[PDB]
Amino acid sequence: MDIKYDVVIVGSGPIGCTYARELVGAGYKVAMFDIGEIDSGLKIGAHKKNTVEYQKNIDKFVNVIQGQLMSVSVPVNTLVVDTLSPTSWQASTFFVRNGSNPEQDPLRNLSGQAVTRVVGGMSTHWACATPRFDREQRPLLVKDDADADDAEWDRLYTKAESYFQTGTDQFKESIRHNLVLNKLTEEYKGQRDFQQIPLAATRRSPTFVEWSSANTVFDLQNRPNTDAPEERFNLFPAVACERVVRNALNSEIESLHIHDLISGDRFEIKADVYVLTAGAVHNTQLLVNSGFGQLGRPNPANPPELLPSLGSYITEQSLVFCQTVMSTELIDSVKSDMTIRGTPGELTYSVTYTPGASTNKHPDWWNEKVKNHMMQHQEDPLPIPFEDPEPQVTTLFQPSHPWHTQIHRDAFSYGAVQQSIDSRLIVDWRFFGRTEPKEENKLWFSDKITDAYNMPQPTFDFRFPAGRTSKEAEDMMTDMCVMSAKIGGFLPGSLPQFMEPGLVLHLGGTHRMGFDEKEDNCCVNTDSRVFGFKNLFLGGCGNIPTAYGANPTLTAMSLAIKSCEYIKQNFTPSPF
Amino acid sequence: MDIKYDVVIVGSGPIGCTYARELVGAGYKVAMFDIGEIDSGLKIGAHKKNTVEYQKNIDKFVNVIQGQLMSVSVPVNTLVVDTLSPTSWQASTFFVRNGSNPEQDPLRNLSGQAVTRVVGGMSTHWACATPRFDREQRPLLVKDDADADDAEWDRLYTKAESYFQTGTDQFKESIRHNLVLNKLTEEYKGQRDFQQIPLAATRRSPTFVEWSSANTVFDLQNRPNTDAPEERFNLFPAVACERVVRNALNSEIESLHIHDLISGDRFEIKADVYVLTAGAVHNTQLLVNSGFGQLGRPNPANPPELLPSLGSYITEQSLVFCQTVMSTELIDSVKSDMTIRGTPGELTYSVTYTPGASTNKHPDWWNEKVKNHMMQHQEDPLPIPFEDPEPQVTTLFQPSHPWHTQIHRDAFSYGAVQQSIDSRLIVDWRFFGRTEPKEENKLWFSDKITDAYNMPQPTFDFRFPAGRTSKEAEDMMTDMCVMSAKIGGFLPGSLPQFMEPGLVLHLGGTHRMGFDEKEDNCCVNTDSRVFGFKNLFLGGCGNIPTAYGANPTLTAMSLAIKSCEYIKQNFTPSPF
Amino acid sequence: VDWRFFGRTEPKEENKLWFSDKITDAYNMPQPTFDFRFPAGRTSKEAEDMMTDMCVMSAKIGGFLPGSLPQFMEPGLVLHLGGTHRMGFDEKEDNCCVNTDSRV
Amino acid sequence: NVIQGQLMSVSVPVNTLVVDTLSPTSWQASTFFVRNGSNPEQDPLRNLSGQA
Ligand SMILES: Cc1cc2nc3c(=O)[nH]c(=O)nc-3n(C[C@H](O)[C@H](O)[C@H](O)COP(=O)(O)OP(=O)(O)OC[C@H]3O[C@@H](n4cnc5c(N)ncnc54)[C@H](O)[C@@H]3O)c2cc1C
Ligand SMILES: Cc1cc2nc3c(=O)[nH]c(=O)nc-3n(C[C@H](O)[C@H](O)[C@H](O)COP(=O)(O)OP(=O)(O)OC[C@H]3O[C@@H](n4cnc5c(N)ncnc54)[C@H](O)[C@@H]3O)c2cc1C
């Protein structure tokens with residue numbers, strides 16, 4: 001291991017890979033550290049759902065997600081167990097057991113918040129939705145010039161969409177996708193617009209989608225190699241990055257202190273440029289362990305030297321969720337162009353349609369698939385083919401419906417096992433609220449309790465803000481009940497509900513961006529540089545300082561691309 | 001991909017890897033096909049539990065196991081869902097949905113039986129116990145000379161133990177381990193012997209154990225390579241092997257028909273020698289899809305042409321399970337050698353002991369750990385150090401207790417512990433019964449229903465035989481209840497229970513071994529060669545024809561090694 | 001607060017309560033058996049609109065209580081069964097069993 | 001609880017729950033036979049199961 005690099009990046013998630021891709025491509029000598037390990041196959045940091053086996057068994061992937069997500073702050077457990085044998089060791093109090101955080105108020109938690117420590121980060125298992133934010137949800141990159149701001153976000157998002165391979169066409173021939181898209185489009189005609197979820201993914205075959213991940217952005221292979229002979233990059237897995245060292249004037253970072261988990265050694269790594277992309281919780285943890293913000297229970301009667309806004313104004317979206325079972329009417333409509341004669345299972349049975357008929361409700365491709373299904377599987381009571389891909393439908397956030405929507409099927413940590421109802425009938429509904437940033441909503445770190453890597457234990461003090469955020473969240477639940485009823489009734493066991501705070505994993509604003517540190521109550525500027533420091537940049541959702549409802553990764557990636565522009569304007573790569 | 005090899009092996013679990021180690025090492029040109037993919041990291045087919053993150057969070061590994069195990073035969077669901085919306089599409093019958101198997105009788109199933117399709121097979125997540133079988137559980141390799149049989153088994157087991165890196169001291173300095181071991185040793189003094197579970201694992205540090213896997217047997221890297229310039233091996237993942245092609249005379253296999261899951265193309269591969277190691281279920285499926293045994297619901301009115309015993313005489317172990325919470329008396333004895341001054345937390349707190357004082361009940365390595373724990377964590381009410389390794393205690397199968405026992409902690413698809421009771425207190429009890437082989441106990445394949453890979457759907461017809469197997473199983477339950485109570489009372493939520501048939505995953509006898517095809521009712525001889533065929537061999541637990549309680553993998557491995565000795569004597573490597 | 005919204009069901013000849021000629025109940029009388037589905041058309045469409053109306057209405061008072069989320073209850077839990085010996089003016093014209101004096 | 005106690009179900013279909021974890025020595029059913037008051041005439045999917 002070299003001990004000198006041009007650029008060091010902490011975290012190998014898709015935002016650290018954005019910095020790699022830009023900086024390695026421009027000739028910088030780059031090192032990347034991840035506390036976690038290469039597990040995902042020969043494609044380093046690739047999506048774990050890209051196996052034939054998972055794509056044949058997509059519900060099983062929930063268990064993989066559950067397995068790698070580690071809860072961020074678990075309050076002390078107060079469950080009463082009073083049927084132990086009288087001989088068994090029995091506690092007298094609810095003591096600190098099994099990694100729990102006694103700093104945590106159980107009623108002001110994001111109990112669902114969790115992290116993933118693996119090479120590629122959460123992109124090894126995310127659901128790949130990458131919508132753009134409209135102006136109302138998005139921070140300003142240019143003030144007092146809206147068309148210039150729009151133009152800058154358009155250039156960055158388009159680039160970001162190329163890195164992720166974002167598209168809106170991978171599900172265009174699914175019968176279920178079109179059944180639901182067309183119905184919603186018709187019902188809301190001229191009030192709301194429906195489209196495919198923009199997905200970071202490339203379809204390889206009718207039954208397989210290559211989901212994008214960090215690996216798609218940057219392949220994570222050591223360089224130089226035969227494909228990039230003039231580039232320089234080294235990834236170091238199983239390395240915990242613990243602290244950046246500030247110079248005495250707080251104008252520069254002088255080193256990164258690391259802990260190699262396999263050998264035990266602890267080193268200082270020196271770079272020209274330090275990039276932190278360890279996630280919204282862990283960027284904040286590393287900064288606070290390095291003398292930024294305030295360690296310990298916040299204490300206003302004692303102002304921090306540096307970055308007083310760090311870990312305040314945190315935002316996390318409200319999530320409401322339900323599943324439906326498709327209406328009898330919609331399922332009958334699937335075979336509306338068909339002529340069916342005879343009884344299924346006898347030689348006289350047949351299913352035909354008129355190709356190209358002007359008054360057909362469906363296109364020939366749909367009707368051929370129905371026909372074939374019904375004719376080859378005459379025991380099956382449904383018209384939807386067995387390997388039909390899932391619906392992937394959205395109506396994006398608008399002023400009149402200020403929440404993001406997904407009307408689809410995919411794997412999340414809270415997916416349930418359902419066996420009794422045919423899966424072809426079931427559609428998931430996920431509506432995502434925006435949360436106003438408030439100073440009182442905080443991520444802070446204990447000065448006593450440490451986590452499993454011996455770093456300061458994360459602690460949340462969070463409630464959804466009263467006012468607009470809470471009114472929108474309840475309106476959004478109503479919207480989901482109203483809209484979902486157009487498609488079918490709720491699936492028993494997946495009735496409409498707010499999910500545990502944080503489960504949606506879209507935390508932002510922990511190290512937030514703005515034009516001016518004091519006036520905009522922020523930590524980094526629009527180049528993602530930490531105020532006061534020449535050579536320290538932060539990337540990730542933590543930078544986003546606005547109330548958003550749409551999934552944030554694409555936006556965070558776009559900020560990282562602008563950040564790399566600034567780096568390339570201000571630091572020169574070492575000669576090879 | 002060449003079309004011609006010396007040896008082809010179907011399956012990359014630890015039994016396939018045994019054939020690979022032996023034959024690639026003896027110079028054969030070998031190819032290995034697996035239907036699943038490389039996921040586990042840059043060590044191909046390595047144990048997934050070997051990440052720093054799993055080992056700091058071992059309870060999460062349960063979720064990984066759940067995600068990768070796919071149920072073999074799921075009967076048609078008959079749960080009544082009568083609270084659907086009146087608008088939702090509603091069933092008239094319990095039709096076949098969600099991959100269920102309409103051939104399956106739900107009351108004669110191995111409902112717990114499941115398979116893993118990944119490179120390395122189940123060894124990417126197993127619990128690494130590798131006991132030898134005593135005479136009573138083991139098939140004869142030598143007729144009419146018990147001491148020669150014994151010597152041949154000892155020679156094979158000792159190689160197998162070398163391949164797996166089997167050891168019995170990786171847990172020797174665990175407090176919890178020794179606390180349980182010592183107490184059980186004393187309670188059964190002169191009646192039963194206790195020891196460490198033999199485990200395929202190597203300890204690397206006080207907090208890290210490298211669990212063994214297929215990778216340990218053979219690293220699965222293509223050859224020739226720098227480290228092995230004279231060897232020849234190619235691994236082809238994501239290739240479903242579908243049929244071995246019999247010659248018209250039923251004397252030889254002429255090719256292996258494969259489906260490349262990524263390109264979609266179907267090929268025939270030629271080899272001199274064909275080795276099937278796809279697991280006890282899928283070896284059987286592949287043979288039946290190739291014209292061996294009988295396809296469809298068994299029909300005596302129609303003897304099959306070849307291997308009439310294929311899929312009959314199947315065995316699976318009964319499994320009883322509970323968890324206990326450590327007794328107060330045992331917990332108090334952990335600290336019996338300590339001198340304690342004053343009062344925890346308070347200034348003057350000191351904990352000491354006298355190294356070597358024969359009045360000590362415990363060794364110095366133990367007291368040093370207790371002492372350090374109690375001084376560095378004075379708030380914690382227990383004297384077991386937080387990083388203490390798990391217990392791994394067994395008393396092996398004996399005539400007077402004819403069941404294998406594990407008294408330990410490890411990750412399985414069930415048995416997830418929880419957060420109310422300190423995990424240092426908890427011990428798992430798994431007792432495993434032996435099941436008599438009976439002809440009427442069968443694994444068969446549908447002639448109409450197919451599985452997710454379009455192969456004949458496996459179907460079980462199984463009950464624990466009445467008589468000894470059933471009597472033993474109930475005696476085993478009582479034995480667990482009596483034994484467990486010397487250590488602590490049951491943990492609420494893990495009370496003593498029989499586990500669902502097949503969850504233990506120790507299925508045997510589906511393609512069983514013997515001396516004589518007809519007199520021994522078997523499919524392969526003691527070289528693992530399919531009767532009548534020159535060039536077809538099977539490996540795995542499916543070979544074992546006896547009633548066994550212990551974990552079968554080491555025994556399967558031993559038979560594979562004998563098989564390789566036959567192959568080496570009877571086929572010549574192509575020139576290199 | 002509890003929210004209970006009750007829909008009306010169209011009377012359909014095919015929805016029946018009949019009694020076994022073989023199986024008996026606890027008092028040695030013919031075992032009741034149902035053959036029932038909510039009629040498609042108006043009854044079903046109203047019932048779903050009624051669900052939506054409860055979600056829209058209840059939200060004005062508060063959000064759902066976890067563990068008591070909006071759901072259809074098991075058919076008949078409501079115990080308002082009717083029409084098993086129905087009233088009308090004319091036995092044949094009105095497919096009924098009793099007249100407006102409740103006389104058979 | 002008073003109410004649940006006095007309400008007797010009018011037609012309970014034959015139960016077809018799978019209990020496959022009985023001890024091997026326990027008496028075990030080969031079919032889903034008529035148990036504990038259930039009604040074999042009743043189609044489980046066209047019932048008023050809450051009628052009592
Ligand atoms: C199930 C699921 C579904 C999701 N769906 C979507 C969606 O559809 N759309 C969307 O936009 N987002 C979604 N997300 C969220 C998305 O995955 C994250 O926003 C994204 O991965 C954030 O990227 P990142 O690079 O900032 O952080 P991460 O991906 O979290 O990567 C940060 C990394 O740094 C590491 N690290 C942490 N601390 C240290 C340290 N001290 N030293 C060294 N390394 C460290 C980690 O091990 C990790 O690799 C989903 C995620 C989940 C789990
Ligand atoms: C949680 C867990 C705990 C366990 N603990 C223990 C224990 O402690 N000790 C004990 O002895 N064992 C235990 N086992 C069982 C042990 O893992 C198996 O006995 C062992 O892996 C069998 O080895 P194998 O090589 O025969 O088969 P497998 O490991 O099942 O490998 C068979 C392989 O062949 C493949 N395949 C299947 N069909 C095809 C096909 N048609 N074409 C091509 N490839 C195919 C698979 O994808 C797979 O990789 C445990 C299992 C699990 C899941």
# chains A, B, ... in the order shown; residues from 1 in each chain; ligands from 1

$ residues_near_ligand --ligand "ligand 1" --cutoff "7 Å" --atoms "only C-alpha atoms and all ligand atoms" --output "number ranges by chain"
A: 10-16, 33-36, 65, 115-123, 125-130, 239-242, 277-280, 282-283, 286, 411-413, 505-506, 539-541, 551-554

$ residues_around --residues "residue B:208" --least-positions-apart "5" --cutoff "8 Å" --atoms "only C-alpha atoms" --output "VMD selection string"
chain B and resid 52 55 203

$ write_last_selection --atoms "N, CA and C atoms" --output "compact mmCIF listing (two decimals), in the first residue's frame"
# COMPACT_ATOMS: atom_id res chain seq x y z
N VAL B 52 -15.92 -9.90 8.17
CA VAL B 52 -15.85 -9.25 9.46
C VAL B 52 -17.28 -8.85 9.92
N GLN B 55 -19.38 -11.93 11.14
CA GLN B 55 -18.90 -12.33 12.42
C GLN B 55 -19.08 -11.32 13.52
N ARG B 203 -9.18 -21.25 13.11
CA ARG B 203 -9.20 -19.96 13.81
C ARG B 203 -8.08 -19.04 13.36

$ select_by_dssp --residues "stretch 14-76 of chain C" --states "strand (DSSP E or B)" --output "VMD selection string"
chain C and resid 16 to 24 30 to 35

$ residues_around --residues "residue C:49" --least-positions-apart "6" --cutoff "12 Å" --atoms "only C-alpha atoms" --output "list in words"
residues 481, 482, 483, 484, 485, 486, 488 and 489 of chain A; 85, 86 and 87 of chain B; 5, 6, 7, 42, 43, 55, 56 and 57 of chain C

$ write_last_selection --atoms "C-alpha atoms" --output "CSV table (one decimal), in the first residue's frame"
chain,number,residue,atom,x,y,z
A,481,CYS,CA,-56.2,4.6,-0.5
A,482,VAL,CA,-58.1,6.5,-3.3
A,483,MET,CA,-55.8,5.7,-6.1
A,484,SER,CA,-55.1,2.0,-5.3
A,485,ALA,CA,-58.9,1.3,-5.2
A,486,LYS,CA,-58.9,2.0,-9.0
A,488,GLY,CA,-58.1,-3.4,-6.7
A,489,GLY,CA,-58.9,-3.9,-3.1
B,85,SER,CA,-62.6,-6.7,-1.5
B,86,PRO,CA,-65.8,-7.9,-3.4
B,87,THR,CA,-64.1,-6.1,-6.4
C,5,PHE,CA,-69.4,1.1,7.5
C,6,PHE,CA,-72.0,-1.4,6.3
C,7,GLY,CA,-73.0,-1.9,2.7
C,42,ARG,CA,-73.7,-2.7,-7.8
C,43,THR,CA,-73.1,-4.6,-4.5
C,55,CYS,CA,-60.5,5.9,4.4
C,56,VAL,CA,-61.3,9.5,3.2
C,57,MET,CA,-63.7,10.2,6.1

$ residues_around --residues "stretch 143-150 of chain A" --least-positions-apart "2" --cutoff "12 Å" --atoms "only C-alpha atoms" --output "list in words"
residues 132, 133, 134, 135, 136, 138, 139, 140, 141, 152, 153, 154, 155, 156, 157, 514, 515 and 526 of chain A

$ residues_around --residues "residue C:102" --least-positions-apart "2" --cutoff "12 Å" --atoms "only C-alpha atoms" --output "PyMOL selection string"
chain C and resi 85-89+96-100+104

$ write_last_selection --atoms "N, CA and C atoms" --output "short mmCIF file (atom, residue, chain, number, x, y, z; two decimals), in the first residue's frame"
data_model
loop_
_atom_site.label_atom_id
_atom_site.label_comp_id
_atom_site.auth_asym_id
_atom_site.auth_seq_id
_atom_site.Cartn_x
_atom_site.Cartn_y
_atom_site.Cartn_z
N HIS C 85 -86.22 -16.02 4.75
CA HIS C 85 -87.65 -16.36 4.62
C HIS C 85 -88.43 -15.11 4.21
N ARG C 86 -88.15 -14.62 3.02
CA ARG C 86 -88.40 -13.21 2.74
C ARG C 86 -89.87 -12.81 2.56
N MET C 87 -90.16 -11.55 2.88
CA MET C 87 -91.47 -10.95 2.70
C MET C 87 -91.75 -10.44 1.32
N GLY C 88 -93.00 -10.60 0.89
CA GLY C 88 -93.53 -9.90 -0.31
C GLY C 88 -95.04 -9.89 -0.43
N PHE C 89 -95.57 -9.25 -1.49
CA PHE C 89 -97.01 -9.24 -1.76
C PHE C 89 -97.49 -10.52 -2.38
N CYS C 96 -91.08 -15.01 -2.68
CA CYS C 96 -91.07 -14.85 -1.25
C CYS C 96 -91.84 -15.95 -0.55
N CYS C 97 -91.80 -15.91 0.77
CA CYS C 97 -92.25 -16.94 1.70
C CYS C 97 -93.35 -16.48 2.66
N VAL C 98 -93.37 -15.19 3.00
CA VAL C 98 -94.40 -14.64 3.87
C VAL C 98 -95.01 -13.39 3.23
N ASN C 99 -96.24 -13.04 3.57
CA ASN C 99 -96.87 -11.81 3.10
C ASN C 99 -96.65 -10.67 4.06
N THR C 100 -97.29 -9.54 3.80
CA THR C 100 -96.91 -8.36 4.57
C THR C 100 -97.42 -8.42 5.99
N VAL C 104 -97.02 -17.16 6.56
CA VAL C 104 -96.56 -18.08 5.54
C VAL C 104 -97.66 -18.33 4.49
#
